[PDB]
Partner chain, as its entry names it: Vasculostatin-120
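We begin with a single chain expressed as structure tokens, specifically the form deposited without its partner chain.
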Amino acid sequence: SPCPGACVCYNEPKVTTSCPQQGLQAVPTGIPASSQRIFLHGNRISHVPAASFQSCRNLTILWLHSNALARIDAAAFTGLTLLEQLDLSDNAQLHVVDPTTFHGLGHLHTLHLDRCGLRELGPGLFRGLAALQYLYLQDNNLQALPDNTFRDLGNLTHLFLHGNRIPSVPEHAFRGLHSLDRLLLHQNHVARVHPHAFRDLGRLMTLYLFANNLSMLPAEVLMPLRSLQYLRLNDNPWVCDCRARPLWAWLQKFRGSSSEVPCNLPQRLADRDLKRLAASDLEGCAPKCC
């Protein structure tokens, strides 16, 4: 078992093939089949062809971040049934992941897809990832959150979606995420949230929605959040008239930690906080009650 190229090969704590920041233009040939950790980060790999690591049956960790990934083959990860961590982040020119790329990775615990320029989450992309706990999708180019996108992710605790261009939250965007603990949707273009979009998020404790385009929010959308303890809503154009009364009422009973809910309109209440207003301030109009 010769160590490929200028890689560093060692056995403890796990059999590791480390070849970082060597300017590699492709996955090196001859990676030992006993590899449990493969570090190919910081190079210049542009493609990941099919069965690139099929001999590493015991592969549990694979890092490909900070490369030049422009295309990943659909069968790139064939035979990696024991893969627990996959890192593809900091490849801002990836743009699109084939929807079959992650199939069969039933032991995957964490998946780093942040800063990959992702344009869309095609159907079936996260199918079958029943073990996944951490999913990093922030700092991409996402323009929609299709329904059932995380339907099989019953063990997901952390979903990072901030830093995209998501325009709204449909009803089934977060179906199945029963174990979800942290959900980060800030720094997007979220303008509306379906009243039942957070139906399965009864175990959620942190919800970040600041820096969006929310002008109102029906109190129904927060009602399923029985476990919530941190809520961010600042940097949104809140309308503080009759339409904000339900959100106002829910916030009066919230025992957790919440950010400012700054009023954008009317100018009389400019940058006042909704939770600190009186009910008499929320009368008249400036749909719904109007």
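Numbering follows the first chain given and starts at 1.
What follows is about the form deposited with its partner chain bound, which we do not show.
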Looking at 226-234, 242-250, 28-36, 45-53, which one sits within 4.5 Å of its partner chain in the deposited bound form if you count heavy atoms only? 226-234
Is residue 259 close enough to touch its partner chain in the deposited bound form, meaning at least one heavy atom pair within 4.5 Å? yes
Would residue 118 count as a contact of its partner chain in the deposited bound form, using a 4.5 angstroms cut-off between non-hydrogen atoms? no
So in the deposited bound form, is its partner chain close enough to residue 184 to count as touching (4.5 Å, heavy atoms)? yes
Three residues, 160, 208 and 255; all within 4.5 Å of its partner chain in the deposited bound form via heavy atoms? yes
